[PDB]
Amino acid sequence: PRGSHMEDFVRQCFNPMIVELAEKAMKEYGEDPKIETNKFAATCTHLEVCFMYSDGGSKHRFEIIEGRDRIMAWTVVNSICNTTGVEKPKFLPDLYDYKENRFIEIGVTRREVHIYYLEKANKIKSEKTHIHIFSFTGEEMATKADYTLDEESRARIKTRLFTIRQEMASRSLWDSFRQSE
């Protein structure tokens, strides 16, 4: 047994569906949520942001790729590629935008948004995949200064992120989380 304070916080911070999907994702890659508790908190956070993000558009606008098992995520990507003609990305994206006709990679970072976007931009070769970074201090950075959603939908995310930061802080979990990325 590990008995982590972070694990208990994550289960009280996030809704059960988010917790369960992150748990399953971590296991698919051979990570244990009871040990890699910072990663447990990060994947739950990233998932909520993706779900909040997809809720921001018009109905039917987004295809959610994140939150699926590896095989099924790539299946939906293939159907999207084979029906829209977009090139198949080399790395799994997070969403697909049926309005702008491009995949979206979403990032959540405890560092400056500019340095995380650099990393993801270099990692992904598919220059077509749109990148959108959010930070725990309320900054965001998006490819071509195109932020996809309107201001209010993005502001919700930023507010939620800062609330998770505080909840972590009041429990003395933030410092360990911050210096873990």
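So that the term is clear: the rigid core is the largest set of C-alpha atoms that superpose within 1.5 Å between two forms. Numbers follow the displayed sequence, beginning with 1.
Out of 123-131 and 41-49, which one drifts farther from the shown form in 6 other deposited structures of this protein in terms of CA positions, with the fit done on the rigid core?
Looking at 123-131 versus 41-49 in 6 other deposited structures of this protein, the farther one turns out to be 123-131.
In the PDB record, does 60-68 or 112-120 carry the higher mean Cα temperature factor?
Result of the comparison: 112-120.
Quick one: say whether 22-30 or 124-132 has the higher mean Cα B-factor in the deposited entry.
Result: 124-132.
Going by the CA temperature factor in the PDB record, which third of the chain does residue 150 belong to: lowest, middle or highest?
Answer is middle: the recorded C-alpha B-factor places it there.
Ranking the modelled residues of this chain by C-alpha B-factor as given in the entry, is residue 173 in the lowest, middle or highest third?
Highest third, going by the recorded CA B-factors of the chain.
What third of its chain's C-alpha B-factors does residue 99 belong to: lowest, middle or highest?
Middle third.
Please place residue 46 in the lowest, middle or highest third of its chain by C-alpha B factor as given in the entry.
Lowest third of the chain for residue 46's C-alpha B-factor.
When the modelled residues of the chain are sorted by Cα temperature factor, does residue 156 land in the lowest, middle or highest third?
As the PDB entry reports it, the C-alpha B-factor of residue 156 lands in the lowest third of its chain.
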